[PDB]
Structure formats: C-alpha cells, structure tokens
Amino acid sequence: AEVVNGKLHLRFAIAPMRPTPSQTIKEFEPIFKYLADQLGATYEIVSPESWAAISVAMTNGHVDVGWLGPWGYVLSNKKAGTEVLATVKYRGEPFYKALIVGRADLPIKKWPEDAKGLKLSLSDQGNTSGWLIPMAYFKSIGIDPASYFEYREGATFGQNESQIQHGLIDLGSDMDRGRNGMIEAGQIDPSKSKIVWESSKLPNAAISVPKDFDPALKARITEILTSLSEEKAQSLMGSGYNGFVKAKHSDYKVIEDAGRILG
C-alpha cells in the first residue's frame, strides 16, 4: 500500500469463488470498492484462476487486502506472516463445507469402497475444500487417491461441476456455498449430480493483509467490514455472502491441523 500523489492506493485480490475471474470480480468487486471508498483510496483488483495463486501473490508481496481461501491463508501465514483480519459470513455463518459430488446415477451405497478406478477430479493444491480436505479424508481411511482412482488434480470447481454434469468424470470436489451459487445462477443442472460426501464445518474465507500492514489501516479495515449489516453486505457481494466477523489465526486451527497431517 502506498500514498500516491497524496492518495492512498490499495491492491486487492479475490480467490476464485465463482466459476470465472470475470464473474468473481463482477459479483464481489463492490465490497472492495466500498472498502476503498470508506478510506478515500484508489484501488486495483484481480482474481486468479487458482486458489494457490492468490496465496502465492499475497506471500510474494503483491496484495494489500486479499480474500483468500482458508488453506491459502494458512500457507501464506506460515511462509510470510500474512495476517487474517476477518472471516466472511455465508448465510450469516463463518463456516462452510467441502463436497465430493458424483454423477446422479453413480452407485454409492458402499462409498468409497465401491469407487475404485472411477474418475475423480480434485482441485489445485492451494484449494481447501477442493484438495486439502478431501485428501485428508482419503488419507484418514488409508486411501491414496492417485493410485485408487483414475485421478486428476488441478481442476477448478467450474470444471469439476461441468465435467460431472456432462459425464466426463464420475466424482469431483466442490464447496457447498459454491455449488449453491452455481445452481442459483443456472450454471448447473442439479438433477445430473448428487453430493456423495460432505466434510465437517470449515472456517470460511480469510480477509488477509501482509505481516507488516499499517496498524491504523488494519484496524479501520476490520471495523469497516465487520460493522456491516447483513443487508448492506449482501448488497455488495454474490448471493449468500452477507457479512464479516473478526477473526484471528487460531480460528483456522482445523485447516492448519489438516495441512500438518498431510505434510
């Protein structure tokens, strides 16, 4: 962050919460514009296609305020001391769940013991719900996805849902709040898929700043976001996202723990 020609400038970044960067920016830029306006700041914004990429951007000093996925925040905190200021609310709650979605007609009565050799697609290794949590689940039951499934990694949630719907894979990861938004936007036909597995509750996205971020600004940003009403917040964000709660590192313990156990 710097003051340019007397005017504060902020660099924003948004994780790939919606299926494409343009959708993500169109739907969530307004909360960032609001934030910048409360500070009298200019801004710039990007939304990378992968979850790992926004973590790396924050770690490598390119981002003043980032909306990071949980594992992206934990990784960046470990590497660079990135600080979480607040957690986003979805339907009024600072949590969400990971999914494994399957084709609607997939036999699953003995899941996942009846799924050997099926085509499973996980997301990039920076994706909490899309990679970290499902990998932790398989490892907890002694399954190595790369040798158990016809396995692919690195897909986006948009690719996973599309490929399931069109019969190109059997199984793919998603997150509940993400799937909800895709159904609400008419982007998938939910008759063609079903939830096969859901995780326990996970902490939601981490509104994050670099380690040495200006303390006065940090405090203002936190108050600006957390003081929003549900109605005002929702007016500025994609459907379902409707506020922020003050957060700290220990709120992400379950994610840190999962990452540790996977090495």
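Note that residue numbering follows the sequence shown and begins at 1.
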Selected stretch [higher average CA B-factor]: 183 to 191 or 120 to 128: 183 to 191
For the stretches 49 to 57 and 209 to 217, which has the higher mean C-alpha B-factor as given in the deposited record? 209 to 217
Identity of residue with top Cα B-factor, from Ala136, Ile100, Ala104, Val88: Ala104
Using the temperature factors of the C-alpha atoms in this entry, rank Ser173 within its chain: lowest, middle or highest third. lowest
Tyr73's Cα B-factor: lowest, middle or highest third of the chain? middle
When the modelled residues of the chain are sorted by Cα temperature factor, does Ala13 land in the lowest, middle or highest third? lowest
Determine, from the deposited record, the chain-internal third of the Cα B-factor for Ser140: lowest, middle or highest. middle
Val254: CA B-factor among chain residues, third -> highest
